[PDB]
RNA sequence: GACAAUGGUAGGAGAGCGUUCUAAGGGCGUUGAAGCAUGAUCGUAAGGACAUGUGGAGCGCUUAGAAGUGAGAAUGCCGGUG
RNA sequence: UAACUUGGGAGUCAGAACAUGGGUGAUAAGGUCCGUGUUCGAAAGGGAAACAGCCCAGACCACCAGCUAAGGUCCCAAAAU
RNA sequence: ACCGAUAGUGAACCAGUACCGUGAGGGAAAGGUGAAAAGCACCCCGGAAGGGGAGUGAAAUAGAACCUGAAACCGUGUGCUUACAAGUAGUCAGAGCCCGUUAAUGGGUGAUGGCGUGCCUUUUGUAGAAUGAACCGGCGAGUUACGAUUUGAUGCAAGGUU
């Protein structure tokens, strides 16, 4: 029974910054959902969280491939009879680019009490700057 | 209508979270020296002393 | 040392008594005698006696001055119940319960 | 002779209630309900012994992949190299050898690479 | 100085004075055993190779033979009058490592 | 010796009581199968 | 010691545990029996022990024999409490 | 590695889907009535998102051990961005 | 090699009675203080009932609602845990925190992850929105007499047996 598990006491976490310039929405989202989850460090510890905080920058520059800016609809419901709304992925990005990236990455993390706490490590901002200079966020390069 | 399921000891004891009587809220009288109801007379000896 | 007092087979139902016992459990002697005398409930003139006679054993059997006493234990238990019936409509009957309780109070000097 | 049941029914309805303590509500109190839950618990345990040997293997494989990716080589590639090299160390030891010591692990990555 | 032995169809990480539990051997209590199949000698000492290192035996003393904690193997099939109940205690041997 | 007796070997056997649980092999239905005329009490057919 | 075998309903075959009573032998009990309560104990299972309380006069063990011999379900019968 | 023979004890007589030959219906029906196989009934485990009957495979018990089957390797979710 | 108070007579308890019916008629429930009443003088709280002491006794947690006193159910105190969460409520993995046993890979609690649609009847097929059970305790269903046929055992054997 020689197996090592990691507890809150022995876990540390880093801060990274990813740039969305010239990146596909689904080719960037997949790689960020493996950092938040902590599948790059040797002590995986599925019961405990070991992931790292990431900061997206320039999230407007995100790019879609083929006729999607007018042929991809995001639907929602408000529980009232007949109330079902929709907005095209083009207009969403010219309106609220933080939401676009942030609702694609979260559809790749599990839906449990623990995947809800790993979705709070994602900070998204359209501008080339970010207000988190108080830490030491080092850059991470997507492969 | 009739009840479909029995009620457990847990769900019964939550309902009575609020089934309690409050403190009468009394004060000492500056004659009798005995607790009396506010804005009433001292029963032990009647002196309202408005 | 603690003096106790019991009233066995009082005729008020047990979960009507329990509403009052809460208001006094933890209070002080003179405060407890006053609450049971300014409350509108029906179990007050009986519970008060069980308390006015726990303080007569706290000083006549043992020797404690009745000023520094607290109420430590106050609970109401069950007693044997009486079976009764009340005739309903269209030739049918239903049962009735005349419930009973035991009341118990322990006063102590915190030593 | 007349043989009435005595103390033989009570003696085996308490062997079943003691096996159910910590169960919620009435499942640790009443016999009819605690007997069904004691039965289901055994069936789950038999199934859960088998899956414990599957769960832990997919834990050692994630750890080893995350250690190997640092040296620009996939878990699949590394495993194929080790077989050629005839090292024969199972998944559990490689994960422990990696977590405890980084240097020993490198001495393996290199051999697998040489094997190709 | 840790090594990787191969005793009971399994492998075990071993350190000096570590208490390790393995499958039932024939050696008597209070005797001294030895392991002839060592796979990996490393850590502080020189990293070595495989299938098996040359020489490199590991020695230990036997402390107790025993029987593990009891379990109960119950199963059934619903709506069909079919149940079964069995017990089990797996035996073991406890050793202490004293020379790698 | 009236306190250590043993009959011949092979001779006595224990009778079979049906309807005494599931692990005997003769439990619920007691060796009759399911509904019919040979499953009711009072029996099924004439000797002919 | 070697090899082979071991999912199971209706159903057929084999070996076992426990309960009350009796015969013979051998024992424990006011220096506390049965039974009731708690425990982290031993058997492949049905099950068997040993300590500690509560109680206050009866009860086990070995080998045979005889059965009102085992309960979770019948809109089952009776009592108690929700 | 089975066969037949004489004696003791039985249960069963409401079957279902899938593939392939045909009636009947309309080259309709998870329709129905026959021939020929298998699986369910009486069969757990892995895949088909969930899904008795479909593809793989027949559980004596224990294990933080190895090599494979159908099906698979961007993330949820183990293994090729 | 019959029962031991749900048993044995309907009936161990003033029972063919309390009661139910115009009538013929039906028909229950209910045993146990101690060896001996030695069945709690007197004192205190209270209108009493009921208590707290002091005494009787081997024992009053033996006080006439009297041996023992199980489970449902109702309470009082407390060691770990719970107010962003979608739960056949368990089972395997697992930190943190509190105790110390019929001493052995100990006991209690459980943040968080994986798997996971009660039991019984009846059916080709039931998580089933098909049936049954409010819960706990007691009682509640292949037997015997005589004949027939086949297996095992024992005795004698061209005899065997009343």
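Computed from the coordinates by the stated procedures, all read-outs in this text should not be read as laboratory data. Counting neighbours? That spans all protein chains shown, and the Cβs are built from the backbone with ideal geometry, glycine included.
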Can you give me the orientation-averaged projected area of the convex hull built on the Cα atoms of chain E, in nm²? 9.0
Relative contact order (percent, whole number), region B:2-50, Cα cutoff 8 Å, 6+ residue spacing: 19
Debye calculation, C-alpha points only, no solvent: report log10 I(q)/I(0) for the protein assembly as shown at q = 0.07, 0.08, 0.11 Å⁻¹, in the same order as the q values. -0.97, -1.07, -1.14
Among A:45, A:70, which comes first, second and so on when ranked by fewest other beta-carbon atoms within 10 Å? A:70, A:45
Over the whole of E:70-77, what's the average partner chain Cβ count within 10 Å per residue? Rounded to a whole number, please. 4
For the residues D:71, F:3, what sequence is obtained by ranking on other C-beta atoms within 10 Å, fewest first? F:3, D:71
What does the convex hull of the alpha-carbon atoms of chain D project to on average, in nm²? 13.0
Got the relative contact order for region E:1-74 handy, in percent, Cα pairs under 8 Å and 6 or more residues apart? 31
For chain B, just the Cα set please: Rg and Dmax, both in angstrom. 21.5, 60
GNM on chain C, C-alpha springs below 10 Å: top fluctuator among C:23, C:69, C:38? C:38
Directionally averaged shadow of chain A, computed from the convex hull of its alpha-carbon atoms, nm²: 11.8
Over the residues of chain C, compute the C-alpha Rg and express it relative to 2.2 N^0.38 Å. 1.32
I want to verify a result. In a Gaussian network model of chain D, Cα cutoff 10 Å, which of these has the top mean-square fluctuation: D:81, D:22, D:42? D:22
If you average the sequence gap of Cα pairs under 8 Å that are 6 or more apart and divide by the length of region C:1-110, what percent do you get for the contact order? 43
